[PDB]
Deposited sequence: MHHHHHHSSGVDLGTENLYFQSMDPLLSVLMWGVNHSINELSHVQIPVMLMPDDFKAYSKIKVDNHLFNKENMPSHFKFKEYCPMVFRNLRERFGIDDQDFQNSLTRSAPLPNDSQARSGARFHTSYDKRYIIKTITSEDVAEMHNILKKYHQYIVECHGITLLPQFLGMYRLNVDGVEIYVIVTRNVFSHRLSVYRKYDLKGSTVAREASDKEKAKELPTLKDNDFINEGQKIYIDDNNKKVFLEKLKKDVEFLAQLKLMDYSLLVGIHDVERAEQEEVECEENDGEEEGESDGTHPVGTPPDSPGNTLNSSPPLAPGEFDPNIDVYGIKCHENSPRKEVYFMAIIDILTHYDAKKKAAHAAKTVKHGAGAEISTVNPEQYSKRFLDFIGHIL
């Protein structure tokens, strides 16, 4: 059984919070359809414990859930169950990915990012248009799949968090990771980042390392048509500084690393790992790719490029690197 214990009190509050909210929604009717009031809605909870549960939890904290009805529906349109989502985020504490802190849920299905009050304001202004977009494309997008948005407050420390579906497989390990923008300018990983176990390589590192993505002509078309649809929507919203995260799973490298210690190697459930693409039969090395648009909440309002320029330069860059 769960006690939501952590060295980090913010994670304890986050774990209690997701548990609380998912339970609260089991006592709230599924609406026929979402209404405009849901898109400016929230739930606030202030807990003050005195000489009670001092060992497992902080005694004084707050937890705010933004637009609870919209996010329960977004979760459902992405094929996630509320009980599964709850267990993934509470059965065991989320791990840090070593400012803009990133945490992965213990089962590697969800990602938790610490965001600013501006991102939360931007999230609210794009929420109606974002929800309708997810409706019109039947949840089939390269865009981030936002599943919850919370405000945490413990020990006089206030943080905002957004939960997304991982880009990378919950099961298959990623040996190479790229953050791609293109256009402007000397985007390259530093010698310091290059020293990490899994560095975040960038645009020039993709070209200079001689990186190729061996997907068949059909998948390449299906992907680039999906990318244009999503990147066109992004420019309408006046968003920018977004990138395409690329993760590569190396099958025969994953096999040798597991020989040291009903799915075959190089196989994944696309109902779980939604961003996965198999390599084609003529690939020099059996790999699996995981690609999606990441980091979308930077508005134009707050020499330089505009969102139309940003969108074309980006699509051109991905289409040329395939």
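J.: Taking the deposited sequence as numbered from 1, list the residue ranges that were left without C-alpha coordinates.
T.: Gaps vs deposited seq, in order: 1-16, 115-119, 283-314, 356-374.
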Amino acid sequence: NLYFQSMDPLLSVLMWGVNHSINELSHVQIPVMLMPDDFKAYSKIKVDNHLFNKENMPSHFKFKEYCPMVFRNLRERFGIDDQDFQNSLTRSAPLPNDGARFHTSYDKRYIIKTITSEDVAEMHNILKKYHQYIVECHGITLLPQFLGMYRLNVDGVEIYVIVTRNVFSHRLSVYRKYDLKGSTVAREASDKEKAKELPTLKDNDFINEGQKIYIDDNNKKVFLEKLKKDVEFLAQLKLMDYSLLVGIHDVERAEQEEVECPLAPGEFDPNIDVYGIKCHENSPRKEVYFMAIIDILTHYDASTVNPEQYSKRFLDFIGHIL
From here on, numbers count along this sequence of modelled residues.
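So that the term is clear: the rigid core is the largest set of C-alpha atoms that superpose within 1.5 Å between two forms.
J.: On a core superposition, give the stretch, 198-206 or 155-163, with the larger average C-alpha separation from this form in 6 other deposited structures of this protein (RMS over structures and residues).
T.: Greater root mean square C-alpha distance in 6 other deposited structures of this protein: 198-206.
J.: Between 43-51 and 292-300, pick out the one whose C-alpha positions differ more from the shown form in 6 other deposited structures of this protein, using the rigid core for superposition.
T.: Output: 292-300, the stretch lying farther off on average in 6 other deposited structures of this protein.
J.: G99: absent from a third or more of the other PDB entries compared?
T.: Yes, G99 lacks coordinates in at least a third of the other entries compared.
J.: Can you check if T184 is missing its coordinates in at least one third of the other PDB entries compared, counting only those that model the residues either side of it?
T.: Yes, left without coordinates in at least a third.
J.: So 262-270 or 30-38, which one's hotter by mean CA B-factor in the entry?
T.: Comparing 262-270 with 30-38, the higher average CA B-factor belongs to 262-270.
J.: Between 192-200 and 230-238, which has the higher average C-alpha B-factor in the PDB entry?
T.: In the deposited entry, the stretch with the higher C-alpha B-factor mean is 192-200.
J.: According to the deposited entry, which of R75, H131, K220, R151 has the largest Cα B-factor?
T.: Largest recorded C-alpha B-factor: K220.
J.: Just the C-alpha B-factor column, please: which of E225, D98, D107, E122 has the biggest number?
T.: Highest C-alpha B-factor among the listed options: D98.
J.: Compared with the other modelled residues in the chain, in which third is the CA B-factor of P68?
T.: It belongs to the lowest third of the chain when residues are ordered by C-alpha B-factor.
J.: Taking the C-alpha B-factors as the PDB entry records them, is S183 in the lowest, middle or highest third of its chain?
T.: Its C-alpha B-factor, which the entry lists for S183, ranks in the highest third among residues of this chain.
J.: Comparing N208 with the other modelled residues of its chain, is its CA B-factor in the lowest, middle or highest third?
T.: According to the entry, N208 has a C-alpha B-factor in the chain's highest third.
J.: Lowest, middle or highest third of the chain for the C-alpha temperature factor of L10?
T.: Tercile = middle for this residue's CA B-factor.
J.: Split the chain's modelled residues into thirds by Cα B-factor; is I22 in the lowest, middle or highest one?
T.: It belongs to the lowest third of the chain when residues are ordered by C-alpha B-factor.
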